[PDB]
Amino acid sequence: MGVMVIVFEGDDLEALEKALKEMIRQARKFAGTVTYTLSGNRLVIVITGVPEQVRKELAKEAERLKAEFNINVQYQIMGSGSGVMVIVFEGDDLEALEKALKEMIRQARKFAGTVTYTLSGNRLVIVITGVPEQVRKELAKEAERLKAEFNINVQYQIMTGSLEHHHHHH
């Protein structure tokens, strides 16, 4: 089988939740099983139980919802049992978010993690798949370094096998 991770981001919660409902409806129409979490202004949806051709259709639907609800979206198709990490950076200085993006990408590539991202005027959402525990630890170390270095908030969501882990500072 295969797994699909879709992440929506936006300043309008109502818009994000309309997108969630439609994405859920579409996924279930294909008999896919959905898992989802809305935290802050990020919406993470995981879909299992659907064949390759359907995943492509859902990719199209994800793109359609971006234009339908004016939200940012990214997605990755990966293997079952593969580790995934979602890192959210927030800040008033966009140039600081871009530096963080470049650094996180450099790190993901070093560890052969597959990365996608969405960047708005004040929020950066990075998704890295194919990353085992040891690698996620290093990526988190880099995020914390960027956090300290630029004074930007960082949130994390990790999914591994049967575990979902959420973390915010304090």
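Throughout, we count residues from 1 along the sequence that is shown.
- Per-stretch averaging of Cα B factors for 30 to 38 and 44 to 52 places 44 to 52 on top.
- Annotation for 121 to 129 versus 98 to 106: the higher mean temperature factor (C-alpha) is found in 98 to 106.
- In this entry, the residue among 138, 61, 144, 68 with the greatest C-alpha B factor is 144.
- Across 77, 87, 84, 73, the entry's maximum B-factor at the CA atom is seen for 77.
- The entry lists a Cα temperature factor for residue 23 that places it in the lowest third of the chain's modelled residues.
- Ranked by Cα temperature factor within the chain, residue 157 sits in the lowest third according to the deposited record.
- In the deposited entry, the Cα temperature factor of residue 1 sits in the top third of values across the chain's modelled residues.
- When the modelled residues of the chain are ordered by C-alpha B-factor, residue 15 sits in the middle third.
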